Amino acid sequence: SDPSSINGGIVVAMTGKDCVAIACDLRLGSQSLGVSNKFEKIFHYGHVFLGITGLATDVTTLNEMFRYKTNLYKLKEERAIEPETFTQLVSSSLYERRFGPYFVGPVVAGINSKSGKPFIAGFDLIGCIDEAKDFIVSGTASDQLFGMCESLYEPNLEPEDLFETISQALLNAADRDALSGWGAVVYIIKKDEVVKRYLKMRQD
Amino acid sequence: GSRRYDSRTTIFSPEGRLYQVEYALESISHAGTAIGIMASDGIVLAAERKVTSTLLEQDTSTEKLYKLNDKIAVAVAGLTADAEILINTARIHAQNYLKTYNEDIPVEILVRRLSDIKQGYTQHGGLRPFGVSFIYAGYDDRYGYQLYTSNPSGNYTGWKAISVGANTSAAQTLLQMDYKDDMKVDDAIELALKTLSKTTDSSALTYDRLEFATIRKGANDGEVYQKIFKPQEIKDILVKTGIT
Amino acid sequence: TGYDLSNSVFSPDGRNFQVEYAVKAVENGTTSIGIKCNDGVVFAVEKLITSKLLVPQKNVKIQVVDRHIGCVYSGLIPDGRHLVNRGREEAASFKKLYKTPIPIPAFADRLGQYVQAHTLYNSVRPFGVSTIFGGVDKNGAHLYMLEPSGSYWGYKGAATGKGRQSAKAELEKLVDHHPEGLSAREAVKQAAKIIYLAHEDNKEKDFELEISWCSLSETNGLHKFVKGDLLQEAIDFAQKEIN
Amino acid sequence: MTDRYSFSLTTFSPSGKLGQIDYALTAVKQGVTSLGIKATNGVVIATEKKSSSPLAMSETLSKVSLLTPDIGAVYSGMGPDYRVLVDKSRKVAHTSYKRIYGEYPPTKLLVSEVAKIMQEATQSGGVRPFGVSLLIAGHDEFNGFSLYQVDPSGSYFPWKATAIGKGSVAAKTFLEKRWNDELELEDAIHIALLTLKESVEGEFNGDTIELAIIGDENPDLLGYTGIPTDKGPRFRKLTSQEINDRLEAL
Amino acid sequence: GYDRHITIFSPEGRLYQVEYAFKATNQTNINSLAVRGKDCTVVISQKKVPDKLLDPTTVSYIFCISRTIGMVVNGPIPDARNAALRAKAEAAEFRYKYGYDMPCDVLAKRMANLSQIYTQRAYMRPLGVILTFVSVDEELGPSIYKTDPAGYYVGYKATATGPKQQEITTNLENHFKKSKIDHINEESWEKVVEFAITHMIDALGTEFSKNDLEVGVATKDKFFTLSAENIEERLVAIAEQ
Amino acid sequence: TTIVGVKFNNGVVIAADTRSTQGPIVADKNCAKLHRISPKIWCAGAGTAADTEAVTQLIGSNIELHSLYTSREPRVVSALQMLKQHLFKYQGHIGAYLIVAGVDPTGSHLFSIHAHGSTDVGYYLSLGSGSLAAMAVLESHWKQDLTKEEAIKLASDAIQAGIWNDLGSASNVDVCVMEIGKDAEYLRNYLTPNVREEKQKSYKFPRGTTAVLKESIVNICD
Amino acid sequence: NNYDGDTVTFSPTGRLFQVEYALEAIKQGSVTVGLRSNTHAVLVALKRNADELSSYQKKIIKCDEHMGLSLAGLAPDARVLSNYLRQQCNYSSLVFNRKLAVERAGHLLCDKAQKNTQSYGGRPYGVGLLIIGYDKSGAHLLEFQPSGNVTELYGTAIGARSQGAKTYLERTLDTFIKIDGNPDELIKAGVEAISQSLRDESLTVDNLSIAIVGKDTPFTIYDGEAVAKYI
Amino acid sequence: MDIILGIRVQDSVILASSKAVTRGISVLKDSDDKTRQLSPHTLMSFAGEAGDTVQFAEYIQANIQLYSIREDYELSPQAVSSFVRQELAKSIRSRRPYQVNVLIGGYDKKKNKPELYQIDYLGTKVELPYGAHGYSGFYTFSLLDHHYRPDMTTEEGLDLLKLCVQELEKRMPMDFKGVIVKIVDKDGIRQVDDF
Amino acid sequence: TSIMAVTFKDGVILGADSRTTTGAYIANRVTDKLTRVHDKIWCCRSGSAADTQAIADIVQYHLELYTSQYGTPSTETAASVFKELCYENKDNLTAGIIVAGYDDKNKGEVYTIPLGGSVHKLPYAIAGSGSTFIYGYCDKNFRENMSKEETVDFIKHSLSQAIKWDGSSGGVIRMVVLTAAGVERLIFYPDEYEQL
Ligand SMILES: [Cl-]
Ligand SMILES: [Mg+2]
Ligand SMILES: [Mg+2]
Ligand SMILES: [Mg+2]
Ligand SMILES: [Mg+2]
């Protein structure tokens, strides 16, 4: 009944030293029934990454919408959109459906190509920006993620250390949520290289 | 009332011609020449900017060649402002198609859509037509490399090599003479620049008076790359082909 | 040239010839007048008897707006009716919102803005009428006259139609000879005389006199038609003066 | 009523000319000279304040207008057409950009929007083209400093330096001789004042000349302190005194 | 030659309908003048009642737009009242939406923008009027802003409008060339009105009775028009020195 | 959330806490709740977070365009009138509750605005879940003719009452001072707790602790 | 001349030529007569055929039980205007339980016709109407012109050669107004009136159309052998 | 409607759909074909609210047939599925949503690969080796999880499908009157007339 | 809320408390419920603060536009504009408004517009939640053609009791005097009126 917890899933993003990380589980379900273990929730438009939790139809719809908008942005601006700018575009786009909203919990992650500054941001379903330096969490196990991130996180982690921290935050949070899991992906993002790692986890 | 001042932009002449379309085509014949040449391994777009100045900021300037998406580009001949209205509509159409089907829009479907918009202005609404002729250079996985042209009537046709704008009669004869089917992009680049060099109304063909673009599968394996040439790159290819 | 073929077009003079041509239709119409008296207004109009078959006293020309305003006009009669219909809508909406009946100056501008609006576009034709109107409000009596251009002013006396020059001269005498003012009953008598005198410009056919009035003392500030004995008394007074 | 002019008032003539656009350009030619020069660290736009009467307060008439904190505009041609275009340009910078992306548009895109408005007045029903040519100077993070001309047709071109209006042909020749890619902002202002003097008949001072720059961020004009990233507008209109100071070093 | 009938460009880049609207402006054969004091703004206008049948109290080209703003019009009365009604509506709406009184210069700009639209849109004709707005603005002080059929507007130290505007303009120019200030250095509005009338008499070379003039005065927080007897008191003071 | 507005002799000050919550869970410990409508007109809000931000930006956008059109600096009564008329139109479905403070050519102003479109005037106001803790401090110490120094102190003390006693209010204190004839000065993290937490452990993992199935380079370049 | 291209243009003498041309269509139309007493009102109409195989175009239309008209000019325009009258009569009965006064019906027709003379795109109505009726103030006869001018009369005629019938009624005025309580004699006077407008042709059984309304007489139309009595 | 299954094997896609149509108390039909051919190599099965199912299916069929004629080209299964998803995603926020769940089985002639897409009435799309809608998956997925291989033959897919249907016939309360089975491969679409 | 308007010899006086509550919490204890819609036409507001403010602002707009065109409006005209908004939007409003004004022709007038949007011209009117407790007192103590000082005392005493019994009412007692002489604002503090 609650649209934000029909399909399940989680996203988490973290900042490190000259890097950002964003991660998600791979589950899509119909309440108790597991449907897909390959439903990735992180997308990217150029060097800006967007994770989206919530109702899966809206996740797909919003990805297509932001691909649409970032492609036109690029054609007109003659440059790739930056994380700060994209964050405002997501906020704008969500609030325009104020009284008929997309049931989602988006998370932006990326590095500004000009300043080199790591950036993350989160949103509620109607566009309120959460602009936190450390970490952003979203999904049906957001409580679990807040707990994991608050205790595991420390600032200025190197890329390969940040990978371990965010991976353990996701994994152990997902294992305390019925509607999250069935696989996981972690993106480690640096100014001009991005590595994508699929994690091994329990499949129940 | 208002009828008195109506030019009636959408009527036939006694000979069965559309006045405004014909007069728009007359306008386009004074625009800088644009040329498209299709090869087996890519497409070339070459176009002449109209009598420029030394104080014009060329490296940030665009009046001829426009990107519609990553696979399709256009060369413009006519009113630039009119062209940008249509170009933005075409860009949106390409994105609509991509959102709907999750596949890049086939070249002809985009061309047909724009051409239908042009057609509408000749049949209803009482507005003047767009004084624009396009050359479309694009690639899709059905027909591969494709060249099209459209004009204010909304009629479009496919080409191996084609010119629009000024001196198209002279340009088309020169292209028809030297074009061959097994031609390659590097050969097509030379043909396009040689043709412009002979048909131009200017004294000499220089880098600052040109816009140049290529669409190549000369992109690192199974993909296509659009290259809008920079002023220095146009200067180099002019030296390479032995025009300057 | 060609400036006079379309409404709202300024000529090189700065004139709207279509409005000036509408005035010609007004000047072609029958004579109508208005007299401002001590505590009200009197309206009178010449009605040409085209034929014996016209039913006497039936084709009423003067029109009431709300219950306190009278309107009379010369020129194209249908245009005048259209203007009064609008005036009645304006008066109704004013009273609906503000409770009080529309003041005469307020009403004058409502007609004025509407007529002026028909000089702004070539998709409409100017009004082929000059309208004399007025009545009593909280600030007393008011008499107005409104032209095809939308132009209007307040008047002591007003006249329009074919015999307007004759009428105006008569009105000017009354203004000079009565600086203290004219009574409502006197104004009715004088109105009858002036229409009879102005009928010399339309002397071919005989006519029917029609008078109305709004007076604070005589009609309680309501618009009423002059009928019966009072009308006959005014006709007799008028006939005596022309002989 | 209703606007019954739903047809184009600008149409192609047999020769391929769009008469109303050509005539709009003729109105621009009669207009007072205005110019723009781009330096390495700024842009300058300038024009003459041709006062219609000495009783008129020419300070109340702004020929040079702020569009965004980092973009400014000047014109040649019909003043009233310019004024409404400035209103529309200011609004479209918000509605079609700032309310979406949370930042002001880059110069080229705002120019593109103004150009679109002018193009539409050339094709839409029951309207005439705008009788102005605009010179829009601006700065943005990724494109740096830029200068654009926008004509009645809706066509726009980027310039290193240019002039429009009355004495544009002579002024452009003057600018061609003086312009180089190593000019500092003060050099461009100096050249602007020199160029503008040639087209001015009467008084030539800070009260008869309107001049603005796109240069460094002005934190003193921001109106608040506390946010490091917010450093103030790059658009600044020079005062009457600031102009006169540079007219002594002329 | 339909370029002369509607507001489209002639081959010279001119708008003839706008130019002809300027000519309609002088159809009333009335001259107006506006000047600024220290605390006030005064506007005077000729009053001509050519018909004895007219009620002279209703013959006016000065309008009270808002409490603070006054407007004098040069042009035919129908177009004048059209502009008057619109200005009143615009001033009232402004106060409702933005919570403060519409400034004189802002109203002028708004009416100028509306006029500009009539010069660009074919279906609407220009109004054959010149509008002089006056007030004592709470930020700018005494203010004179004038609008015309071209959609042009500007602030003035002083201004004149009508068939003989040039004579009045030059007269005013010469006075301000002497004084070297942007206003009439006078405390009371009564004396600023006396200045305005005196200089109109000098410029036009005609004497005025109390019924030949029409006067509007703007002070802080109100604009008002003078009665014939108020004007008479003004004329008596002028004659007595 | 705890937000206060305090008038003083030649200006106005607005202050707020920095906790931002998702229900009982804290999302941001250092949220900047003080916003701009215009350079010298600031506001802070409670209720629906997206609505307070969205309505601030919309009116701020129009206020800017209005200021440009009129060639005048924007007034607080204009922000106030535009806000309330917008909110009223939506009958409280836009859950925006704000305290609006600023200076303009007219003087210094302080207003509160509620989601249904009602406005209030005052010399001191509070808002949010900490509103009562704050108002208790304001009602205890507010006096007429406060200095800038006294008004900043009262405001931040009122926020502290909310931080300690209200669960939805916490962390730091932001302040913005709008004095007449001056630039508005915004004091981000005007108060912080001294001292910093240090954990008993460091949870930094050994590298290779996490199990991995695949790796790949993501092509972010065109 | 240069001012007759549309209804929205006055001539230099203040004339509306399109309205005048619409008036001309009535003059081409077949003659119809209207007259009344104090108890009854009568319409008489000369119907026109296309040829000997064709029917005779109907001229009289019923609008209500107490009101109807006869037409001369463009018949489709009469259908539009009569339909409007039917609706207005009907509105008055349904909403106010009130029979629509003939004078008010004339005012409504005037205003409807006027709107077509002041606006661009439209055209004036090309028909003239003679409306008869019996209401709370007795018998009535109205003459409608598409200029908008509606006139209450004792008697009248419109159409080709209508001047002959109109002069006759002007002579007979004092006689036919007194024909009270005698429908047949009032119709006789109308048939004699319309006879003053005939040339070459005479009133036959399928040529003549008569209508009557009165004190205790609903609006009824007589055609065919029902008018042989009056031939 | 009730049970719709799908399985993608090596060289084909198999769709199995129940034959029963029940209106409350009675089973009105026992031979209903809950499928539409969208293009020569694309088949869509459906289940959901009465009326909306067939209306939606026929609406999609018409749109794809229109595209096929206009371009003289058959859209890829992926393109068809994305079109269908958008229509359902559009529908969910409509005044009255289509309450329809679909399976799209197609053979991509360009890639020479069978493809199975599962989309629910919300517009939730997933590509799968095997899929279902409603309760069908609750009974069958444990069998498919066990026996499925990506290199299965069409005959092996049919045998695994039989096992799935047998388990449904045993543990499901409702009588769905058997299934109609159709195979989608490089040669097009054909129906297995004995199952 | 406790509000009232009373006509007297020289004109009319409006009176009100200053308490605005959100449940049992006093959101504003110094509210000004006496609002000006024209120079000498004021109103007392009760019901939804959002609705009564919105209505009053629209009325002030209408009377400003009225004045620009037709001169000073009557108090009756002001009441009609109030009524028109309250009556036509009765489904979406919760507003109880008393309109009071001074003309020179009509002198002091009072109109009350209750929930339904009806209008009632009265010598004096009371409204708000606290009015219930002073119907008896006000009926017994009101006289026509009182002096300014008597009318101030009558309102002061009446609202004193309304405040005493109604928890939704309190704070200061504000008053606005409308006469030919002009507009006078009065304020009375708790220590004054509580001891009455
Ligand atoms: Cl505007
Ligand atoms: Mg789990
Ligand atoms: Mg499990
Ligand atoms: Mg125009
Ligand atoms: Mg109490």
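Novice: Explain helix α5 (residues 185-199) of chain B here, please?
Specialist: Side chains that are three or four residues apart share a direction in an α-helix, a result of its 3.6 residues per turn. Taking 1.5 Å of rise per residue, 15 residues should cover 21 Å, and α5 of chain B covers 21 Å from first to last C-alpha, within 8% of that figure. Of the residues making up α5 of chain B, those classed as buried are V185, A188, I189, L191, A192, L193, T195, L196 and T199 of chain B.

Novice: Mind showing me how you'd approach the interface of chain C and chain E here?
Specialist: Where the parts come together, the accessible area they lose is often given as the size of the interface. Listed as interface residues are 32 residues of chain C and, on the opposing side, 29 residues of chain E. Here chain C and chain E share an interface that buries about 2,600 Å² over both sides, 58% of which is from carbon and sulfur atoms. Considering only the side of chain C, the residues that lose the most area to chain E are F10, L120 and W153 of chain C, jointly responsible for 26% of the buried surface there. Along the contact surface separating chain C from chain E lie two salt bridges. A salt bridge links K36 of chain C to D55 of chain E; its shortest N-O distance comes to 3.6 Å. For the interface between chain C and chain E, the tally reads ten residue pairs in polar contact. Secondary-structure elements contributing two or more residues to the side of chain C that touches chain E are α3 (104-117), β7 (152-154) and α4 (164-177) of chain C.

Novice: Sorry if this is basic, but what is going on with the coordination of the magnesium ion (ligand 5) here?
Specialist: In an ideal tetrahedron of four donors about a metal, each angle is 109.5 degrees. In an ideal octahedron of six donors, the angles are 90 or 180 degrees. Protein coordination of the magnesium ion (ligand 5) is provided by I163 of chain I (O) and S169 of chain I (O), with donor distances spanning 2.6 to 2.7 Å. Under the relative-accessibility criterion, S169 of chain I is labelled buried at 1%.

Novice: In this structure, what is going on with helix α1 (residues 17-28) of chain C? I would like to understand it.
Specialist: Residues and elements named next belong to chain C. Helix length check: α1, at twelve residues, gives a terminal C-alpha distance of 17 Å against a target of 16 Å (1.5 Å per residue), a fit within 8%. Buried residues of α1: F17, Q18, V19, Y21, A22, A25 and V26, and no others. Considering only its buried residues, α1 is in contact with β4 (69-75), β5 (129-137) and β8 (157-160).

Novice: Explain the interface of chain A and chain F here, please?
Specialist: The interface of chain A with chain F comprises 41 residues on the first partner and 36 residues on the second. For chain A, the biggest contributors to the area lost against chain F are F146, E164 and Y198 of chain A; these three give 15% of the whole. Where chain A touches chain F, the interface holds six salt bridges. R98 of chain A is the salt-bridge partner of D51 of chain F, the closest N and O atoms lying 2.7 Å from each other. Applying the counting rule to chain A against chain F returns 18 residue pairs in polar contact. Residue assignment for the side of chain A that touches chain F shows that the elements contributing at least two residues are β9 (129-130), α3 (142-152), α4 (159-174) and β12 (193-199) of chain A. Per-element accounting of the side of chain A that touches chain F gives the leading share, eight residues, to α4 of chain A. In terms of residue class, the side of chain A that touches chain F is built from 18 nonpolar, seven polar and 16 charged. Sheet topology places β12 of chain A next to strand β13 (residues 212-217) of chain F; five bridges connect them, and they run antiparallel. Bridged to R197 of chain A within β13 of chain F is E215 of chain F.

Rules of the game
Residues numbered from 1 in each chain as written, not as in the entry; some residues may be left out. Chains lettered and ligands numbered in written order. Part of a larger assembly, values for the part shown. Heavy atoms only, no water. Helix = DSSP H or I, 4+ residues; strand = E, 2+ residues; numbered from the N terminus. Expected span 1.5 Å × (residues − 1). Buried < 20%, exposed > 50% of the residue type's maximum accessible area, 1.4 Å probe, protein only. Contact = heavy atoms within 4.5 Å. Buried area = accessible area lost by both parts, 1.4 Å probe. Salt bridge = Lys/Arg side-chain N within 4 Å of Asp/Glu carboxyl O. Polar contact = N/O pair within 3.5 Å; in protein donor to acceptor, adjacent residues only side chain to side chain. Donors = N, O, S within 2.8 Å, 3.2 Å for Na, K, Ca; no water. Nonpolar A, V, L, I, M, F, W, Y, C, P; charged D, E, K, R; others polar. Pairing = 2+ DSSP bridges.

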